[PDB]
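Visitor: Here's a structure for you.
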Amino acid sequence: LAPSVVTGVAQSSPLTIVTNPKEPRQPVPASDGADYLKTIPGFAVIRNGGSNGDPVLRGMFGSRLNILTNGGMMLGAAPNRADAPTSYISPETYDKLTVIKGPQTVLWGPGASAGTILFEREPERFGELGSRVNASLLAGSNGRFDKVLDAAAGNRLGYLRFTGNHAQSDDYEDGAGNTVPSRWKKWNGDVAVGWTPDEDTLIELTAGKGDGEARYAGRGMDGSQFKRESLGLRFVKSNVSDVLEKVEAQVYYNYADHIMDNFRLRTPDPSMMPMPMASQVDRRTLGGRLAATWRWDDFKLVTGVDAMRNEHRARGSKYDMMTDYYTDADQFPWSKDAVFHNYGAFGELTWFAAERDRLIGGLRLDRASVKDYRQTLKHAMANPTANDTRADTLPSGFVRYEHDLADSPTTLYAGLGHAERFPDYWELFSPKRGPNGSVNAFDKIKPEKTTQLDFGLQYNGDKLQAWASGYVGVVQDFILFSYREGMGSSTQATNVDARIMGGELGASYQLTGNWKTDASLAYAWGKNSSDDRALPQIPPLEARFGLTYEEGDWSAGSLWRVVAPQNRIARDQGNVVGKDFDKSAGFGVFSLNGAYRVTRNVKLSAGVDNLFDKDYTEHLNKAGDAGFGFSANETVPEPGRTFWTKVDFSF
């Protein structure tokens with residue numbers, strides 16, 4: 001029971017990773033969804049500024065990742081993806097994080113081409129009147145503090161629970177002594193009312209809001225509001241019969257209301273946005289899920305349907321140059337531009353054939369649709385697709401086979417999976433051109449259809465615990481973005497065919513009773529088959545080595561992160577956020593941490609991130625901004641040396 005600081009999370013079982021987001025983590029996260037993925041091999045993070053990075057899994061970006069909060073979806077609204085889904089998610093407020101790698105599940109919605117990421121909160125169940133609380137307080141270099149509170153009280157016929165957080169940090173500095181434009185502020189508060197009329201039933205009401213700020217060194221505008229409101233309803237009846245083992249039903253409402261501007265966290269420079277300017281955009285998502293679990297004999301079957309509708313609006317500021325009067329964005333009416341629908345049916349079937357063999361297969365069928373509400377485009381021109389609808393029905397599915405060896409505690413696995421994903425908001429509305437000879441992006445961007453083989457192994461010995469996961473795949477009609485400066489600067493979305501391949505592996509050895517040593521490796525590769533080029537924004541080879549000493553009451557450990565250069569890039573190509581420009585330099589970062597359990601109710605941890613004050617940037621981080629004094633194409637640098645300490649109470 002020696003307490004530790006997390007520097008990496010293992011594959012505890014084929015393709016799936018499970019972690020507790022309320023334990024301290026070595027390179028210390030913002031209150032950010034993406035930063036809590038940095039400990040899971042396979043993930044990289046596009047740096048935008050201080051917080052709210054854009055997470056990338058085995059080279060893949062964006063909606064190729066299903067990131068659900070409590071089974072529900074939270075979608076932001078900036079055409080920038082300045083408020084990416086994970087900018088609204090504060091992971092210390094949830095109880096469990098779970099990553100399913102590859103297109104190997106169909107329970108959690110459509111388009112899960114790269115992987116599935118589930119943040120969830122667990123129901124409370126008192127057996128009598130009682131009340132537990134969990135809190136944490138953290139403080140660190142450059143004015144970072146994070147405060148989180150999880151309090152609940154109840155009895156056997158119900159409970160009520162409050163979960164909140166407050167977190168911020170000033171601008172950090174790099175390994176060369178410069179202030180990076182990067183400060184941020186975040187808070188959330190969500191309440192849950194839970195009714196438990198017997199030992200099998202649970203109805204839960206949930207409501208919560210949150211807001212935040214964030215200065216972005218990588219952008220021309222900052223996030224001055226990340227307002228979120230959400231509602232939810234859960235139903236869990238258990239053991240309805242000998243065969244129906246669970247029936248779960250849920251509905252969710254998430255509303256995002258974002259503001260980008262160039263005057264509240266910065267000042268307009270000379271550069272093609274010299275005037276004070278702001279843009280307010282919002283996204284209203286409503287959806288539900290309904291699933292029955294059948295368990296009998298050697299079979300488990302999960303059957304269900306789900307649905308989702310979401311709607312996007314925008315409205316912008318207006319600044320008069322003769323009078324220098326600024327009219328804020330909220331003085332103008334809302335302009336709807338997009339509405340999306342998805343309805344889907346799914347099943348997934350597991351066969352427990354003997355104890356050393358399992359075979360899992362799953363299928364789902366989705367009907368996805370979108371309607372363009374833009375009467376005009378922006379000087380305003382008439383929108384050639386104003387009020388057009390497109391739809392499509394996309395089947396997806398997978399089979400996976402897991403076999404355990406007879407002599408050693410080893411599990412081998414191989415799975416083959418197919419994902420079909422209707423296009424994004426950002427892939428359909430944000431690009432200023434479609435494929436060549438096309439009206440718009442909206443009418444010609446084809447859905448992305450990826451087909452991939454997953455394989456790997458698990459091994460759990462007494463002194464050794466190791467895992468490996470490799471993949472090779474093709475992506476048909478990959479949605480790629482191309483950048484050119486010309487009038488001004490503009491993107492074009494196209495559909496290409498892509499080969500991709502890579503993997504991750506990790507191992508932990510227990511040397512002494514007190515010494516542990518772990519390591520992990522992550523490799524991602526991509527090729528644009530249609531132009532005999534490499535795929536853009538692909539993170540380079542990355543290993544992490546770690547040694548820690550435990551002693552019952554406390555623990556100390558060190559960590560080395562080592563990343564190769566990246567030499568395969570596709571210049572002026574990427575996603576809606578970033579573009580490849582230059583090859584990248586390798587680098588190494590070494591860090592220290594420690595943890596001490598003061599008593600059963602209080603724990604202590606601390607660490608030094610980047611001990612040797614390395615000045616370095618990651619291949620995926622955004623470029624500079626010129627307005628912030630950034631050069632030719634300097635990508636935003638990582639933090640330099642940083643100190644932090646955190647106390648955890650639990651009664």
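Visitor: So, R0 is 30 Å and r is the distance between the beta-carbons of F145 and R568; what FRET efficiency does that work out to, to 0.05?
Guide: 0.15
Visitor: What distance in nm lies between label points placed 7 Å from Cα along the C-beta direction at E551 and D613?
Guide: Label-label distance for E551 and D613, simple model: 3.0 nm.
Visitor: Where in region 105-135 does the amide nitrogen come within less than 17 Å of the point 7 Å from the Cα of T451, taken along Cα to Cβ?
Guide: From region 105-135, the list is 113-114.
Visitor: Simple spin-label model, 7 Å along Cα-to-Cβ: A153 to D95 in nm?
Guide: Computed distance between label sites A153 and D95 equals 1.9 nm.
Visitor: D462 to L405: extension gain in nm, 0.36 nm per residue of separation minus the Cα-Cα distance?
Guide: The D462-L405 span can extend by a further 18.9 nm.
Visitor: Related question: Output the Cα-based Rg and Dmax of region 11-650 in Å, rounding Rg to one decimal and Dmax to a whole number.
Guide: Gyration radius and largest Cα-Cα distance of region 11-650: 24.4, 82 Å.
Visitor: Along each of its three principal axes, how wide is the spread of alpha-carbon positions in region 342-428, in whole angstrom units, largest first?
Guide: 72, 24, 12
Visitor: A further question on this structure: Which FRET efficiency, nearest 0.05, do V191 and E120 yield, Cβ-Cβ r, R0 22 Å?
Guide: With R0 = 22 Å, the Cβ-Cβ based efficiency is 0.85.
Visitor: If you don't mind, there's one more thing I want to ask. Just to be sure I understand the model, the point goes 7 Å from the Cα along the line to the Cβ. What's the resulting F162 to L511 distance in nm?
Guide: 4.8 nm
Visitor: How high is the FRET efficiency between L1 and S335 when r is their beta carbon distance and R₀ equals 60 Å, given to the nearest 0.05?
Guide: The calculated FRET efficiency here is 0.55.
No value in this document is a laboratory result; all are computed from the given coordinates. Reconstructed Cβ throughout: ideal geometry from the backbone, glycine too, with neighbour counts over all protein chains shown.
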